[PDB]
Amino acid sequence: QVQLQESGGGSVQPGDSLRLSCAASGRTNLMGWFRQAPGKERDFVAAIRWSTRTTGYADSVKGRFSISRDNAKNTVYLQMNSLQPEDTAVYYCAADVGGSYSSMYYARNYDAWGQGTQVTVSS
């Protein structure tokens, strides 16, 4: 399996923007970002699959965030614009070693997970 290293979080204020990065110890096909907020459950933010070379976002985030990938570096970047108090959560990077296709919108299809990165919006 692959180990994923995340980065880029912070404590930002309403209306501002951040950028998160996630690199992989090996080859990744489906690579994306979920987020679990304090007291809530883990939800899909956005992912990219290279087998199909397609990208998907959640409805809550579409229009604000953007996801990009570097295949050579097995890296994925996530720009997060117009961040509001409701985007305050621990964002986890997820990945799949590769192979069979499966929905990006569901965590069970990812087998690699990072420790998380805090994003806190206030004042």
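Sequential numbering from 1, following the sequence displayed.
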Which has higher Cα B-factors on average according to the PDB entry: 45 to 53 or 83 to 91? 83 to 91
Regarding 4 to 12 and 112 to 120, which shows the higher C-alpha temperature factor on average in the entry? 4 to 12
Listed options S66, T75, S60, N29: highest C-alpha B factor recorded at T75
What third of its chain's C-alpha B-factors does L18 belong to: lowest, middle or highest? highest
